[PDB]
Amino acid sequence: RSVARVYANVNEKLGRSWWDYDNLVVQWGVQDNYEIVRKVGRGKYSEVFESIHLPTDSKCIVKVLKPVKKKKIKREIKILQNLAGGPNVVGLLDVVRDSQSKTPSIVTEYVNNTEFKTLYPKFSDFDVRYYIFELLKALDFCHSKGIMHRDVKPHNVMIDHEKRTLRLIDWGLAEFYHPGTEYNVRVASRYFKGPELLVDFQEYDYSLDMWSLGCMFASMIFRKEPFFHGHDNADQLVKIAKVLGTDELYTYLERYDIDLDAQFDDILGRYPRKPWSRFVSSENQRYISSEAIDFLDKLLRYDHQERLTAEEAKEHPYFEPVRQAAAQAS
């Protein structure tokens, strides 16, 4: 059904030691070396707190995991250990657990983050090109290591704007890419789910992350959050269809031999492609460029195989200002 355009063989080249997270022995740190200070975040399967590594008296983040299954915890630790030292990936400090209840926690570095609703409007056209390019660097890295984030979204992209640093967090939905594996379609957030998730296509790959990157980016440059605002998973496909059109939806379904569920014929309707230029307004005009639109259009495609790769996106003309600045700076 589907094999990824790039990095399909990475898990085969790296060993079983690289992806067999079931057989992982965790060298737990000392729970009592960490003191929890204040709650800074929460998730469906987690609670997050700013904390102190007491021996060093240094700030960090402790994420208390509620296990869906023990195996899921091994996957997240395995992936963080594997991605260590990679550009703009959140740094893993420790894994610990309570001795009595055996509840685990992950200790990562603290990032001084501004809420995206507050931070995104403050950005210039250059900032967006720079921060999206920094995010590409992570996506490319972890894709090149045979890993899919599967929850790329603003909430899992911490940015310190004074430092001009970016870290991708929340690897709890990250899974290893094995060619032809049916993966679970109940991944990502509603507004960043890819068309493949919405139609229950299971043989997806690292391109899922690029569609979501495009939802994110479209949100920044059009100043609309979220860009695709479906009320449920069915409405989410309808909202995507009203922009991309259903002429290209049907050839994509036909191309991938997906029969749509019967619920959709009642609500899907018939829609023409809405051009990207109709989303341009006075408020979001600063972000708008002909490079930005072209770049967005090569992310937001029904067919995952037509999406730009993270490596390909970096060479896009939209980022050339970012590349030029970095070359001249050094």
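Residue numbers run from 1 along the displayed sequence.
Between 284 to 292 and 35 to 43, the higher mean Cα B-factor belongs to 35 to 43. Of the two stretches examined, 115 to 123 and 170 to 178, the record assigns the greater average C-alpha temperature factor to 115 to 123. Of all the options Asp140, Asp151, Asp235, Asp205, the entry's greatest CA B-factor is assigned to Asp235. Per-chain ranking of the deposited C-alpha B factor places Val48 in the highest third.
Placement of the Cα temperature factor of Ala313 within the chain: middle third of the modelled residues, per the deposited record. In the PDB entry, a CA B factor belonging to the lowest third of its chain's modelled residues is recorded for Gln305. When the CA B factors of the chain's modelled residues are split into thirds, the value for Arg129 lands in the lowest one.
Annotation for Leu299: C-alpha temperature factor in the lowest third relative to the rest of the modelled chain, per the entry.
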